[PDB]
Novice: 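Can you read through this structure? Questions will come right after.
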Amino acid sequence: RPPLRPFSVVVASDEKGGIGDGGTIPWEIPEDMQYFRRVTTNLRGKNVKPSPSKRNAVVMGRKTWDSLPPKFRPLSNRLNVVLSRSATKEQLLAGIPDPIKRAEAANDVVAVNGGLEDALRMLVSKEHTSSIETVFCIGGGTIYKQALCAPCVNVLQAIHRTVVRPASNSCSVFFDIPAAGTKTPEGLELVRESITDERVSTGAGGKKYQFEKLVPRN
Ligand SMILES: NC(=O)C1=CN([C@@H]2O[C@H](COP(=O)(O)OP(=O)(O)OC[C@H]3O[C@@H](n4cnc5c(N)ncnc54)[C@H](OP(=O)(O)O)[C@@H]3O)[C@@H](O)[C@H]2O)C=CC1
Ligand SMILES: CC1(C)N=C(N)N=C(N)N1OCCCOc1cc(Cl)c(Cl)cc1Cl
């Protein structure tokens with residue numbers, strides 16, 4: 001069976017696993033926004049600037065793409081891989097209000113009529129193996145779930161999770177991660193590799209957050 005491209009998950013969720021209200025993210029944590037940008041944009045080695053020749057790819061569901069404000073659509077300096085059963089590349093670009101930016105964005109957007117697995121099969125192509133350094137799954141609910149299920153979970157390299165507290169009173173969409181010291185029936189157990197001390201966001205509500213990195217146990 002054609003092998004799947006390895007990948008990492010980047011997500012922000014509260015203790016109840018909440019990640020959103022169905023349409024957007026309920027909290028304002030600029031520190032996470034900035035960290036997310038750096039983590040998904042940065043290329044390894046010294047002074048390697050992202051370009052179509054080599055850059056990371058961010059895989060997201062169509063609803064997550066729609067959730068991106070104009071200033072973040074597409075996510076610059078990264079290949080935007082959008083999963084949709086109906087929306088084509090042109091249709092995804094059609095929603096970008098600035099016509100010149102929309103023209104410039106054509107080079108950074110690819111539509112996949114399939115789920116995460118389909119995206120990973122595609123990112124394994126010799127073209128992408130060279131031009132795409134790291135693949136980051138960035139949501140939302142439907143995509144995160146596929147990430148922790150076979151066969152995708154078998155090539156999951158790490159989870160960069162921003163833990164948010166206190167729990168949101170607006171979350172209806174979740175990301176179910178197995179608790180520490182627990183192994184899912186499917187066979188996945190995560191181990192903390194690192195975690196920052198809790199900090200208070202300068203954002204509205206002053207949410208308390210931590211940047212945690214988890215990896216599958218082997
Ligand atoms: N806290 C966090 O870190 C993050 C939170 N979010 C939030 O989560 C919510 C969105 O999550 P969610 O509702 O799950 O939507 P998703 O972002 O997961 O997108 C789901 C959509 O993607 C496409 N899709 C999913 N699986 C397949 C498949 N197998 N084949 C083809 N297309 C597929 C389909 O779009 P189509 O309808 O076009 O067919 C589907 O409706 C929002 O509240 C958002 O703000 C999003 C990212 C990160
Ligand atoms: C949650 C966020 C950023 N943080 C971490 N750690 N991990 C993620 N996967 N993230 O979401 C990526 C896709 C949605 O991005 C946005 C959504 C909104 Cl609503 C706005 Cl205003 C700006 C951006 Cl870039």
Side-chain angles (χ1 to χ4, degrees), residues 5-42 56-69 72-75 78-83 115-117 119-120 123 134-149 152-168 170-180 182 184 186 188-196 198-199 201 203 205 207-217:
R5 182 71 188 266
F7 72 103
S8 295
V9 172
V10 187
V11 57
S13 64
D14 61 34
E15 299 173 299
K16 288 180 181 180
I19 60 174
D21 64 10
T24 189
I25 296 163
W27 53 71
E28 175 191 306
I29 303 178
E31 299 84 359
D32 171 70
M33 298 301 312
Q34 186 180 172
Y35 185 61
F36 165 85
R37 188 188 77 243
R38 294 180 185 285
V39 165
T40 55
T41 302
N42 291 350
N56 300 315
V58 286
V59 183
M60 73 195 91
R62 189 273 302 172
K63 295 187 176 183
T64 291
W65 163 264
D66 283 345
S67 77
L68 301 176
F72 300 84
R73 218 188 319 119
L75 292 169
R78 292 151 283 183
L79 173 61
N80 286 231
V81 182
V82 185
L83 311 177
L116 183 62
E117 198 190 329
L120 301 181
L123 290 167
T134 297
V135 175
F136 294 105
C137 168
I138 65 177
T142 71
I143 315 305
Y144 285 141
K145 179 182 180 179
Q146 290 167 45
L148 308 190
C149 295
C152 294
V153 71
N154 298 301
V155 294
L156 171 63
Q157 301 301 298
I159 299 182
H160 296 280
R161 176 191 182 203
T162 297
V163 178
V164 186
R165 300 186 179 83
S168 169
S170 287
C171 290
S172 55
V173 183
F174 313 75
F175 178 36
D176 301 330
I177 300 175
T182 302
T184 62
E186 305 236 346
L188 169 67
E189 187 177 320
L190 294 158
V191 181
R192 172 183 296 169
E193 179 169 296
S194 70
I195 192 168
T196 57
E198 185 177 70
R199 298 166 191 170
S201 173
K207 307 295 295 192
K208 290 168 180 169
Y209 66 93
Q210 288 181 291
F211 292 127
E212 187 178 24
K213 177 184 177 181
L214 309 145
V215 306
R217 181 170 172 173

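By convention here, the first residue in the shown sequence is residue 1.
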Novice: Under the criterion side-chain contact (heavy atoms from CB on, under 4.5 Å), I'd like the reasoning laid out for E117 against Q146: C-alpha separation, chi angles, the key distance, then a yes or no.
Specialist: CA-CA 8 Å; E117 198 190 329; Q146 290 167 45; over 6 Å; no
Novice: Starting at OG1 of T162, measure out to CH2 of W27 and round the result to the nearest 0.5 Å.
Specialist: 9.0 Å
Novice: Do you know which two heavy atoms are closest between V215 and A158, and how far apart they sit?
Specialist: CG1-CB, 4.1 Å
Novice: Quick check against the 3.5 Å criterion: does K213 have a side-chain atom that pairs as donor or acceptor with the backbone of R192?
Specialist: no
Novice: Show the numbers, then the answer: is there a side-chain contact (heavy atoms from CB on, under 4.5 Å) between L75 and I138?
Specialist: CA-CA 11 Å; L75 292 169; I138 65 177; 3.5 Å; yes
Novice: Strictly distance-based, threshold 3.5 Å: is any side-chain N or O of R5 a donor or acceptor partner for the main-chain N or O of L123?
Specialist: yes
Novice: Quick check for you: to the nearest 0.5 Å, what is the distance between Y35 atom OH and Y209 atom OH?
Specialist: 11.5 Å
Novice: If only side-chain N and O atoms count, and only distance matters, is there a donor-acceptor pair under 3.5 Å linking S201 with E31?
Specialist: yes
Novice: Please check if the side chain of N56 supplies one atom and the backbone of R78 the other of a donor-acceptor pair under 3.5 Å.
Specialist: no
Novice: Donor-acceptor pair, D21 side chain versus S170 backbone, under 3.5 Å?
Specialist: no
Novice: One pair to check against side-chain contact (heavy atoms from CB on, under 4.5 Å): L156 and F7. What are the steps and the verdict?
Specialist: CA-CA 5 Å; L156 171 63; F7 72 103; 3.8 Å; yes
Novice: Determine whether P166 and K207 make a side-chain contact, defined as any pair of heavy atoms from C-beta on separated by less than 4.5 Å.
Specialist: yes
Novice: Identify the heavy atoms of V81 and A119 that sit nearest to each other, and give their distance.
Specialist: CG1-CB, 4.2 Å
Novice: Roughly how far apart are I177 CD1 and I159 CD1, rounded to 0.5 Å?
Specialist: 4.5 Å
Novice: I143 and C137: which non-hydrogen atoms are nearest, and at how many Å?
Specialist: CG2-SG, 3.7 Å
Novice: Taking all non-hydrogen atoms of both residues, which atom of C171 and which atom of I19 are closest, and how far apart?
Specialist: SG-N, 3.8 Å
Novice: Measuring from atom CZ of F136 to atom OG1 of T40, what distance do you get when rounded to the nearest 0.5 angstrom?
Specialist: 6.5 Å
Novice: Locate the shortest heavy-atom distance separating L188 from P178; write the atom from each residue and the value.
Specialist: O-CG, 4.0 Å
Novice: Would the distance check show the side chain of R161 and the main-chain N or O of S13 forming a donor-acceptor pair, the cut-off being under 3.5 Å?
Specialist: yes
Novice: Check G22 against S172 and note the closest heavy-atom contact, atom names and distance.
Specialist: N-OG, 3.9 Å
Novice: Looking at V10, is its backbone amide N or carbonyl O close enough to the side chain of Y144 to form a donor-acceptor pair, meaning the two atoms are under 3.5 Å apart?
Specialist: yes
Novice: Should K208 and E198 count as an ion pair when the cut-off is N to O under 4.0 Å?
Specialist: no
Novice: Between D176 (side chain only) and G17 (backbone N and O only), is there a donor and an acceptor less than 3.5 Å apart?
Specialist: no
Novice: Quick check for you: to the nearest 0.5 Å, what is the distance between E212 atom CD and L190 atom CG?
Specialist: 9.0 Å
Novice: Given side-chain contact (heavy atoms from CB on, under 4.5 Å), test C152 with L120 step by step and report yes or no.
Specialist: CA-CA 8 Å; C152 294; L120 301 181; 3.9 Å; yes
Novice: Is it the case that the side chain of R73 and the backbone of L68 share a donor-acceptor pair, with hydrogens and angles ignored and the cut-off at 3.5 Å?
Specialist: yes
Novice: Atom CD of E186 and atom CG of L148: how far apart are they, to the nearest 0.5 Å?
Specialist: 9.5 Å
Novice: Under the 3.5 angstrom rule, does the side chain of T196 hit a backbone N or O of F211 as a donor-acceptor pair?
Specialist: yes
